[PDB]
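*Asks:* Once you've seen the sequence and the experimental structure below, I've got questions.
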Amino acid sequence: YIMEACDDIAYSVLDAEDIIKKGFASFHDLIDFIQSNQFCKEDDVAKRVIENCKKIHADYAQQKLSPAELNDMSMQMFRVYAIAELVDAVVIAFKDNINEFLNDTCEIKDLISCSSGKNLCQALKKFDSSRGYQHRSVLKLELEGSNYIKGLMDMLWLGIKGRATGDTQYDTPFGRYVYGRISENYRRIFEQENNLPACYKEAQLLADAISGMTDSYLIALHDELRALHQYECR
Amino acid sequence: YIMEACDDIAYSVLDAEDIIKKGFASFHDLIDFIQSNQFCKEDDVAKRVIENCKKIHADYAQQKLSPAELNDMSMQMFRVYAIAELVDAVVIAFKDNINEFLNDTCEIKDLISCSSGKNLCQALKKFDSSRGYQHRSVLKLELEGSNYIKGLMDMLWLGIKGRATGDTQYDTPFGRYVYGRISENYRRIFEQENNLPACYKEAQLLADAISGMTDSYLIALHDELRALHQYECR
Amino acid sequence: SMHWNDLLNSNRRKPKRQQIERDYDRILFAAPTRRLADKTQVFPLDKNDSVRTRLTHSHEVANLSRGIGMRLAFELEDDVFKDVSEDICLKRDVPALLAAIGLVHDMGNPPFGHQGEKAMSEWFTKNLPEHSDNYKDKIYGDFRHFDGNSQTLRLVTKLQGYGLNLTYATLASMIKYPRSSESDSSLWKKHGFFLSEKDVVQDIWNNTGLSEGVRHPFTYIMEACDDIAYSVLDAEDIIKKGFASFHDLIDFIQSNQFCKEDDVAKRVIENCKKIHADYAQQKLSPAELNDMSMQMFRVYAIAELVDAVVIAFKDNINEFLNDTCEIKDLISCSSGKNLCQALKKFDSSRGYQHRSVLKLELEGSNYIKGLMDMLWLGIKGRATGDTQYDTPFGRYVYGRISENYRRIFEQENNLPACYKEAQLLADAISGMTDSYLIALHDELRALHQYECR
Ligand SMILES: [Mg+2]
Ligand SMILES: [Mg+2]
Ligand SMILES: [Mg+2]
């Protein structure tokens, strides 16, 4: 629960910080979004954070700073205040509900929801979704990643499917090459004796191969396999 | 005087609007810059514009708009208010000083400085210089333009110099080509017989040729001549 | 002697959990810390290799230092920390302090590895001549012998009058060489801070009971952890990249003159040989067997070197707390000095002189020197008064410099104008990553064609 709460706090706060840093929004935009949020108008934590950030921004504007520099300063101060408040709320919630957590019949979903900082975290997630997750760059990245991943999975499935079920459709030069391109440990685990069904083993091999790849490595492998697949595809 | 005042008003206000539109600064940045300006403090026109824009921005913030859309709407309203105020101030200054303008001993240098909107115009010009004119994109455009213009002027001077003084360094295939690429009307005016000194005529031919070109045409001609100047350069 | 109350001063320089833990938290979230991920450590950044970057190396050094701090505060508190106020919580401060100073030790280093510093120094030596009357003072040595530690201190102290507002203990610990370019001492052959930070460091020394030539005790630990990480992890990267095999490293250590009849080296060699013999039975690819053997060797060697460093620090704690300390490094006083020297020699022979690393260094030197020339075209004369910089190219390259560096350059202080211009150039170059530096160099080179001739 603590790890999940920290993950949610990191998402909500640093995604907003990155949104402001990239220029997709301003610090005043974030403050207005939090203030106008339905559940944060009366939320004590959100109001305290907003008031502290307003007080700090009242002083940061005096010094000669570029709009980007002022935005970064205010964003850093907001990050500090919001992270402190959310962490304190999460710790308080964990301490209060420790007996429930230590019991097997525990129905708590997440630590944020039972904490006093749930409204601020929800508002931050909404802001991140509206301003950052639907931006042109993020949407283009998601589309490119989907295309690359699905194409690479197709070309790898051409060489993975049938290896364990007994079929022979993989026994082609392209299939042999794409099998040899998979990391050796994944193949070693794939060629083992266990109760896993053969189709499950093939799917797990593909999932292990895809999951362990970085963006650059996945793109390079996809491009190379697409170049080499021209004859067999046609 | 009226034309110059209108030119200055357009420069300041519309360059600020373009800065806001391109995302180099926000509407709040402009409002803070005007408010924090030393001269725009306790200035009636500046205060009036600031208060009107603040009220309109407060009204606009309720409507659910993207930060770019809110900035655009606020900047449009600011443009309307500022242009109206500056135009009214210019009209009042021109009407009050009409007798001096009709006198041969007029000492007025500009209409804006004699109006009540001089402080706002100065602040807007400073804002444009700080945020727009010194932006990296504008600096890169200026550097590229300087490079292109100076290179093209060198290559054209290679074919222009001496055509009127008598010295025949221009009579080369490259010189003849670059002379033929100049607009026919400018060449006709250059070849006319008058009392202008020959060096002045050549310099005026070059100035007329360079001034009449657009950006894309100048770049294309510069690239063409640079490609064709390779042998004669060395 | 020196008291731990002053050395662990949790007061912050800016006039007004634990403060020292907050220091590590602030350092982790700093933008240059994230920028460290794009700076090469030794080897070039490939698309598949997991070679160390500056960020990964910094995190590894921080982890080693934090482990040392846990050992010091939880097991050797009586032997190390004597006469410490009950207000100071050692178990929360010492590990956090060591981790923070380990994570920040390479923040200000230029890109392209050690060749970055070397290229900056060579360019400054050439373009800031020592014979020229404009550059004769030892202060310009700050750039002729440019060091990443001084830039790191400058970043943490004068980049945001205060930057991250680190505690006095942290700032005192980050001063690797407690001397300036002007001050000449046989104890340290490198300067640890710039002239512009002379007032800051003097403040730090005032709040920590330190002085010129006197080094904070935890700086020895941080330097030892840095050396251990360098040697062991560079050897691991060499093995991983395929430039050498695990057996090659074992033979090199065994055939090393000093590592013969050395207890730590022999212990590590025997443990690794037994583990390799056990591993060889399992059917693994040669790369996989090399990786497993090198991982076990890394574990054993890091454990042995860390234990030796801890023992050396505990034994020499009284000398470290004395103002007349003559210790140059913690490794040389430990039992693992021979193993560290052999590992460094192995890395130099097989990794640092590999053709890929040499090509990376040459490319970095070319890029850095070209970009420094093009930036100097727009920087020189801005503070002295001469207006050769007022050209469209000069204005553009000045505008491409980070706004904070320009703001610091335009501030009025007692620094000489030439020093201010050189420091602006150094700050601009040091803060760039490899890819950003290459992109800016290509852009300026494309835009410099007309003004070049
Ligand atoms: Mg996560
Ligand atoms: Mg005009
Ligand atoms: Mg290091």
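*Replies:* Structure's in. What do you need? Numbers count the residues shown, from 1 in each chain, chains lettered A, B, ... in the order given. Ligands and ions are numbered 1, 2, ... in the order given.

*Asks:* contacts and neighbour counts: CA atoms only from here.
*Replies:* OK.

*Asks:* near chain B at all, stretch A:134-146?
*Replies:* No: against chain B, stretch A:134-146 shows no contacts by CA under 8 Å from any CA of the partner chain, the least distance being 11.3 Å.

*Asks:* which other residues reach that stretch?
*Replies:* Applying CA atoms under 8 Å, 6 or more residues apart in numbering or on different chains, the set of residues contacting stretch A:134-146 from outside is A:24, A:132, A:133.

*Asks:* Residue numbers of chain A in contact with chain B?
*Replies:* With CA under 8 Å from any CA as the criterion, chain A meets chain B at residues A:25, A:29, A:67.

*Asks:* quick one: which of those is nearest chain C?
*Replies:* Chain C lies nearest to residue A:67 out of those, by CA to the nearest CA, at 11.1 Å.

*Asks:* Surely that closest one touches residue B:29?
*Replies:* Yes: at 6.7 Å, residue A:67 and residue B:29 qualify as touching, with contact defined as CA atoms under 8 Å.

*Asks:* quick one on the thing from earlier: redo the residues of chain A next to chain B as TSV? Include secondary structure and distance to residue B:165.
*Replies:* Compiled in TSV, those are given as follows (DSSP: H, G, I helix; E, B strand; the rest coil; distance: CA to CA, whole Å):
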residue	secondary structure	distance to residue B:165
A:25	coil	62
A:29	helix	66
A:67	helix	56
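
*Asks:* What are the phi and psi values at residue A:53?
*Replies:* Residue A:53 adopts backbone torsions of phi -70, psi -40, taken as degrees, to the nearest 10.

*Asks:* Most neighbours among the residues of chain A next to chain B, please name it.
*Replies:* Within the residues of chain A next to chain B, residue A:25 tops the neighbour count with 21 neighbours, counted by other CA atoms under 10 Å in any protein chain shown.

*Asks:* For the residue nearest to residue A:155 when sequence neighbours are not counted, which residues are in contact?
*Replies:* Ranked by CA to CA, 6 or more residues apart in numbering or on different chains and with sequence neighbours excluded, the top spatial neighbour of residue A:155 is residue A:225, at 7.1 Å. Residue A:225 is in contact with A:152, A:155, A:178, counting by CA under 8 Å, 6+ apart.

*Asks:* Are we agreed that the first one is in a helix?
*Replies:* If I follow you right, that is residue A:152. Yes: counting by DSSP: H, G, I helix; E, B strand; the rest coil, residue A:152 falls inside a helix.

*Asks:* what's it in contact with, if anything?
*Replies:* By CA under 8 Å, 6+ apart, the residues touching residue A:152 are A:218, A:221, A:222, A:225.

*Asks:* Inside strands: which ones of those residues?
*Replies:* In strands, defined here by DSSP state E, there are no members of the contacts of residue A:152.

*Asks:* Which one of these is nearest to residue B:98?
*Replies:* Among the contacts of residue A:152, residue A:218 lies closest to residue B:98 (CA to CA), at 74.7 Å.

*Asks:* The closest one and residue C:436: what is the separation?
*Replies:* Residue A:218 sits 23 Å away from residue C:436, going by CA to CA, to the nearest Å.

*Asks:* Please apply the same query to residue A:133.
*Replies:* Residue A:133 is 25 Å from residue C:436, by CA to CA.

*Asks:* Which residue ranges of chain A form helices?
*Replies:* Here chain A has its helices, by DSSP state H, at A:2-21, A:27-36, A:44-60, A:67-96, A:98-102, A:118-128, A:136-160, A:173-181, A:184-190, A:198-211, A:215-228, A:230-233.

*Asks:* Show me what the fifth one is packed against.
*Replies:* For helix A:98-102, not one helix or strand is in contact under the criterion 3 or more CA pairs under 8 Å, 6 or more residues apart in numbering or on different chains; DSSP states H and E.

*Asks:* Over to the first one?
*Replies:* Judged by 3+ CA pairs under 8 Å, 6+ apart, the packing partners of helix A:2-21 are helix A:67-96, helix A:118-128.

*Asks:* gap between the first one and the chain center?
*Replies:* For helix A:67-96, the separation from the chain centroid amounts to 20 Å (computed by CA atoms, centre = their mean, to the nearest Å).

*Asks:* and the angle from it to helix A:118-128?
*Replies:* 140 degrees (axes from the mean of the first three to the mean of the last three CA atoms, to 10 degrees).

*Asks:* Could you pull out the buried residues of helix A:67-96?
*Replies:* Across helix A:67-96, burial judged by 16 or more other CA atoms under 10 Å in any protein chain shown covers A:67-83, A:85-87, A:89-94.

*Asks:* can you check the last one too?
*Replies:* Across helix A:118-128, burial judged by 16+ other CA under 10 Å covers A:118, A:119, A:120, A:121, A:122, A:123, A:124, A:125, A:126, A:127, A:128.

*Asks:* Might you report the residue contacts of the second one?
*Replies:* Looking back up the chat, that one is residue A:119. By CA under 8 Å, 6+ apart, the contact set of residue A:119 is A:39, A:40, A:43, A:46.

*Asks:* The nearest residue to residue A:77 once chain neighbours are set aside - how many residues pack around it?
*Replies:* Among residues not flanking residue A:77 along the chain, residue A:53 sits closest, at 7.0 Å (CA to CA, 6+ apart). Using other CA under 10 Å, residue A:53 is surrounded by 21 other residues.

*Asks:* can you tell me how far residue A:53 sits from chain C?
*Replies:* Look at residue A:53 and chain C: by CA to the nearest CA, to the nearest Å, they are 18 Å apart.

*Asks:* Kindly report the same for residue A:165.
*Replies:* 24 Å.

*Asks:* Is that residue in contact with residue A:196, as I believe?
*Replies:* No: Residue A:165 lies out of contact with residue A:196 (CA under 8 Å); the separation is 11.5 Å.

*Asks:* who in chain A is up against chain C?
*Replies:* A:66, A:184, A:214, A:216, A:217.

*Asks:* Just the buried ones from those residues, in ChimeraX syntax?
*Replies:* Applying 16+ other CA under 10 Å to the residues of chain A next to chain C leaves a buried subset, and the ChimeraX line that selects it is:
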select /A:66,184
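
*Asks:* Most widely separated two among the residues of chain A next to chain C?
*Replies:* Spatial extent of the residues of chain A next to chain C (CA to CA) is set by the pair A:66 and A:184 at 51.9 Å.

*Asks:* just to revisit the earlier point, just among the contacts of residue A:119, which is most surrounded?
*Replies:* Among those, the one with the most neighbours (other CA under 10 Å) is residue A:46, at 27 neighbours.

*Asks:* hmm, back to that, tell me the most buried of the helices of chain A?
*Replies:* Ranked by mean neighbour count, those are led by helix A:118-128 with a mean of 22 (mean count of other CA atoms under 10 Å in any protein chain shown).

*Asks:* Using PDB, write down the CA coordinates of that helix.
*Replies:* The C-alpha atoms that make up helix A:118-128 are tabulated as PDB, following Å, rounded to 0.1, in the frame of the first residue of the first chain:
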ATOM      1  CA  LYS A 118      -7.100  12.100  -2.100                       C
ATOM      2  CA  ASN A 119      -8.700  15.200  -3.500                       C
ATOM      3  CA  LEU A 120      -5.400  16.900  -4.300                       C
ATOM      4  CA  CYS A 121      -4.100  13.700  -5.900                       C
ATOM      5  CA  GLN A 122      -7.300  13.300  -7.900                       C
ATOM      6  CA  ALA A 123      -7.100  16.900  -9.100                       C
ATOM      7  CA  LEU A 124      -3.400  16.500 -10.100                       C
ATOM      8  CA  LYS A 125      -4.200  13.300 -12.000                       C
ATOM      9  CA  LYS A 126      -7.100  15.100 -13.800                       C
ATOM     10  CA  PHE A 127      -4.700  18.000 -14.700                       C
ATOM     11  CA  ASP A 128      -2.100  15.600 -16.000                       C
END
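
*Asks:* so it versus helix A:2-21, what angle?
*Replies:* Going by the same axes, to 10 degrees, helix A:118-128 makes 40 degrees with helix A:2-21.

*Asks:* what's the angle from helix A:118-128 to helix A:44-60?
*Replies:* Taking the same axes, to 10 degrees, one finds helix A:118-128 and helix A:44-60 inclined to each other by 60 degrees.
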